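In the block that follows, a single chain appears as structure tokens, in the form deposited without the named molecule.
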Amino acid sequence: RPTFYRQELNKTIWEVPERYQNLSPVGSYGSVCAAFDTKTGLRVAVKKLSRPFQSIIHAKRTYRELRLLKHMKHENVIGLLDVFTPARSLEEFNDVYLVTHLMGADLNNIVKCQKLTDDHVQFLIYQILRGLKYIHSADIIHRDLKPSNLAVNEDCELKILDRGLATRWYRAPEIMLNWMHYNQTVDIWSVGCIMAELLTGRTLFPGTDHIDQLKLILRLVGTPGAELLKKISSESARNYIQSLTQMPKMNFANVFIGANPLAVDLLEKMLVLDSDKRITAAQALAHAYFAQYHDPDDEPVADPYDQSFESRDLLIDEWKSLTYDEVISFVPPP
């Protein structure tokens, strides 16, 4: 094991291996320091989880987060450099620290302070969909893909994160109707919204609440056809939908007038009401808009990810001991 030191920072008492040095507050389910890794000469992020075992909910979340990050090994997805605890045994086990690459800015920190070239839009979105193929191949649905959940460096390299450094704006329509049985393509909807915005400099659907959101969506893509309406069991949803004057499907070419026409085509295949018909991550990767970036031999899939634990109601000490096992068995990257 290594030797630890304690330090006060912003009311929280930090205790880390000496290998981590120059700790400084980056921000704020835990708080995050930037730190110098003396082992590699690289700057890193060190997140102290707050109250990781406060309850059954926190504890399972803590385990969920550690299981996810141990699994994610892909250039466009946040992954884990280190995890530790000052605890000497399970009996003392009370804090968990997570270490990842220091990510300086999110996609939003870009869009707002620039106007993106088409080639930027191609590189950014290709990276998203490359990691999303990987995420999806693990049978994970991201569910909250939005600009604050995407890390982008000065080199315009991107990774998908679990959590940032308004959600509804990027949420698939089926989610705001509480449909339940989402497939992965709820994340494609979100990618379409992000893309639109990168091209346009404007939020595609700045809904004020969930009802407003559905309104703004139908104006673009138009009222659902017969083949779709017949799948909405909710009487109230049906009535709200049909009460909203029969809206024509706008021409995407006019909404995105001036965009690379191939970006318009891709957008049309992403932002489709019927999630059955939404282009998948792997499909999208082969769309000619990414011809410059696509390489089918460098778009890998994930090892299958065991998420049966999600189906379990366990005791705090059980989630705690599972988490403890995951820390102990962590094997760092190369």
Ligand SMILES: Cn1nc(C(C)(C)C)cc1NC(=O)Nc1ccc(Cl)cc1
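In this text, the rigid core denotes the largest set of C-alpha atoms whose superposition between the two forms falls within 1.5 Å. Numbers for residues come from their place in the sequence shown, where the first is 1. Shifts are known only where both forms have a C-alpha.
Separately, the form deposited with the named molecule bound exists; it is not shown, and the next lines address it.
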| query | finding |
| --- | --- |
| Shown-form site status with respect to the named molecule as positioned in the deposited complex after superposition (2.4 Å backbone/C-beta criterion, 3+ atoms) | blocked |
| Triple contact flag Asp265, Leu267 and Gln283 to the named molecule in the deposited complex, non-hydrogen atom at 4.5 angstroms | no |
| The unique member of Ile140, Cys193, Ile128, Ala259 whose heavy atoms fall within 4.5 Å of the named molecule in the deposited complex | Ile140 |
| In the deposited complex, segment of 84-92, 199-207, 71-79, 248-256 with a heavy atom within 4.5 Å of the named molecule | 71-79 |
| Heavy atom of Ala45 within 4.5 Å of the named molecule in the deposited complex | yes |
| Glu65: touches the named molecule in the deposited complex, heavy atom cutoff 4.5 angstroms | yes |
| Close approach of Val32 to the named molecule in the deposited complex, 4.5 Å, heavy atom | yes |
| 4.5 Å heavy atom contact, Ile188 to the named molecule in the deposited complex | no |
| Residues of stretch 139-162 in contact with the named molecule in the deposited complex (4.5 Å, non-hydrogen atom) | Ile140, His142, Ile160, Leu161, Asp162 |
| Answer among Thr117, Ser233, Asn94, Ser89 for the CA shift between this form and the one not shown that reaches 2 Å or more, rigid core superposed | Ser233 |
| Moved runs of 3+ residues, each with a C-alpha displacement of 2 angstroms or more between this form and the one not shown on the rigid core | 230-241 |
